[PDB]
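Remarks on the overall topology
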Amino acid sequence: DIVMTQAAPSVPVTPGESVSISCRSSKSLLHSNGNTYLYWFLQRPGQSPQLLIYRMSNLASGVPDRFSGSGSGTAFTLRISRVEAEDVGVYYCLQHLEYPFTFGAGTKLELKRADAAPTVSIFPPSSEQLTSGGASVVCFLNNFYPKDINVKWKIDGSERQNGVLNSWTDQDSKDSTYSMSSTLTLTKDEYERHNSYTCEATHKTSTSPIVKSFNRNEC
Amino acid sequence: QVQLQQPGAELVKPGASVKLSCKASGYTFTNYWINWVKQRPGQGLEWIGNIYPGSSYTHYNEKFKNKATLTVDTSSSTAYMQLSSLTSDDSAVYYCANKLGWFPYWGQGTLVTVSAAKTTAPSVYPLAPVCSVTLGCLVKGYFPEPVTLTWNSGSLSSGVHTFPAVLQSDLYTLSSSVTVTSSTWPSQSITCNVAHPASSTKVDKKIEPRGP
């Protein structure tokens, strides 16, 4: 089989600067008909791959002129002249000269933007959930940079570690930030035995904690 | 407009077979190649094989020769891929794609989950603020993946963060937030919509201000 090598799993770039992504083939992709049989695609989280370049150097309809493709018969380069937030995702090369068709392993773009403080919101359990015997408290920490962040839960002033599950988004396609959700799941009986609930974060944008709280009975 | 329609999910018992469908529209189905591609979660793309629907002429990647079988129905303009004797290594998204000259078009992919666990529809909970403004939606206790979560049936898309699901005890949980101008809510209507393809369910929950 033709081996397609994208040797970098990830490449960092500062927004507004240029980037070059490399792909190499084990044999020439030049067809007897004169065309070079090499595609580039961009894949965003949860989506099907989007065509960027066909026949090695032709820009696809709808793709901005910031994108270009070039190469010899075995070394290929996708260039973005000025990187924008919408360009984040995973880039793949594909040869279609010979069966079986083969892809390179993918290269993620990491956009190294400026620091940004999180916007924090806390949510008491839904009344509908309480009827089922459970009580989940949710905290969102949104649009921050860099990715590293701590959260701590406190109940009546005491740290609670058990029952917490966290999830992080990929970089935002408009502002290159990260977001995080933290969920503390209790039984209804446990939730009703306490009154103050606090989501406390730390991030490099502040030298003190970033805190949101509520009292269960304060409605 | 060229379109390829695939189901969102198939739950398959270990050792069983599954048949994946890909319904074509917007062009002459018999006249262009259909390709199939595998993608394991968090990993890269792998080519399985292709078929020319007018003739059923096929090519297979050697790696899949004993796993995949490609066929077509030219009456309904549908392409099919049968996968045999499934193992956990077969859990993945499977895409169909076509080729019209230089230009490929892709389906949305079917997520195949190989498991003995039963399908379970999610409980969906609206999250109003403590007594800009941010609202939430909690989707708890479902199996398999995926769901499709929208706000206002997809018309509210800016300022949304929908988080990856977390698995515990053979059940998934996912959340989403949406952030709007404070003059927007609760003056105007905001609803979370959740579709779970494996259970054929769709639920709507309007976000309402908390009472006393």
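Residues numbered from 1 in each chain as written, not as in the entry; some residues may be left out. Chains lettered and ligands numbered in written order. Heavy atoms only, no water. Residues with missing side-chain atoms left out of burial classes, pairs and counts.

Okay, the interface of chain B and chain A next. In this complex, chain B contributes 46 residues to the contact, which on the side of chain A involves 46 residues. Regarding the contact of chain B and chain A, the summed buried area is about 3,800 Å², with carbon and sulfur atoms giving 65% of it. The tally of links between chain B and chain A comes to one salt bridge. For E128 of chain A, the salt bridge goes to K205 of chain B, with nearest N and O atoms at 3.0 Å. Considering each element in turn, the side of chain B that touches chain A owes the most residues, five residues, to strand β13 (residues 133-142) of chain B. Taken together, the residues of the side of chain B that touches chain A break down into 23 nonpolar, 17 polar and six charged. (Contact = heavy atoms within 4.5 Å. Buried area = accessible area lost by both parts, 1.4 Å probe. Salt bridge = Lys/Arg side-chain N within 4 Å of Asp/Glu carboxyl O. Helix = DSSP H or I, 4+ residues; strand = E, 2+ residues; numbered from the N terminus. Nonpolar A, V, L, I, M, F, W, Y, C, P; charged D, E, K, R; others polar.)

All names here are of chain A. What the domain assignment lists for chain A is domain 1 (1-113) and domain 2 (114-216). Centre-to-centre separation of domain 1 and domain 2, based on C-alpha positions: 39 Å. Contact between domain 1 and domain 2 buries roughly 870 Å² in total, counting both sides, with carbon and sulfur atoms accounting for 46%. In this structure, the connection of domain 1 to domain 2 is made through zero salt bridges. The interface formed by domain 1 and domain 2 contains two residue pairs in polar contact. Taken together, the residues of the side of domain 1 that touches domain 2 sort by class into five nonpolar, no polar and five charged. (Domains from an automatic or database assignment. Polar contact = N/O pair within 3.5 Å; in protein donor to acceptor, adjacent residues only side chain to side chain.)

Core analysis: the largest hydrophobic core is formed by 41 residues, its most contacted members being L38, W40, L52 and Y91 of chain A. Residues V2, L4, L20 and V72 of chain B belong to the second largest nonpolar core, which totals 27 residues. (Core = buried A, V, L, I, M, F, W, Y, C linked by side-chain atoms within 4.5 Å. Buried < 20%, exposed > 50% of the residue type's maximum accessible area, 1.4 Å probe, protein only.)

Working definition: the strands of a sheet are paired by backbone hydrogen bonds and lie parallel or antiparallel to each other. Residue and element names in this part refer to chain A. Across the sheet, four strands lie side by side as β1-β3-β8-β7; this open sheet has antiparallel pairing. Lying at the two open borders of the sheet, with one neighbouring strand each, are β1 (4-5) and β7 (67-71). Sheet analysis places β7 next to strand β8 (residues 75-80), joined by five bridges and oriented antiparallel. Residue pairing for β8: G69 is matched across the bridge by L78. (Pairing = 2+ DSSP bridges.)

This paragraph deals with the domain arrangement of chain B. Interface size is commonly expressed as the accessible surface area that is lost when the partners come together. Residues and elements named next belong to chain B. One can read the domain layout of chain B as domain 1 (2-116) and domain 2 (117-209). For domain 1 and domain 2, the distance between their C-alpha centres works out to 30 Å. Domain 1 puts seven residues into the contact, and the matching count from domain 2 is nine residues. Taken over both partners, the interface formed by domain 1 and domain 2 buries close to 590 Å², and the fraction arising from carbon and sulfur atoms is 67%. The largest per-residue losses of area from domain 1 upon contact with domain 2 belong to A9, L11 and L111, which jointly make up 57% of the total buried on that side. Taken together, the connections running from domain 1 to domain 2 amount to zero salt bridges. Remark: the boundary between domain 1 and domain 2 carries one residue pair in polar contact.

A few words on the environment of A24 of chain B. Residues and elements named next belong to chain B. Residue position: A24 is located in strand β3 (residues 18-25). Residues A24 and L127 lie 103 residues apart in sequence; the distance between their C-alpha atoms is 39 Å. Residue contacts for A24: discarding those within four places in its chain leaves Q3, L4, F29 and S77.

Residue and element names in this part refer to chain B. Following the sequence through the fold, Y60 ends up in strand β6 (residues 57-60). Distance in space between the C-alpha atoms of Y60 and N98 is 16 Å, their sequence separation being 38 residues. Residues in contact with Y60, not counting those within four places in the same chain, are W47, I48, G49, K65, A68, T69 and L70. Side-chain polar atoms of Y60 contact the backbone nitrogen of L70, separated by 2.9 Å.

In this structure, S126 of chain A sits in the loop between β12 (119-123) and α1 (127-130). Taking the relative accessible area as the measure of exposure, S126 of chain A reaches 5% and is therefore buried. For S126 of chain A, the residues in contact, after removing those within four places along its chain, are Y125, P126 and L127 of chain B.

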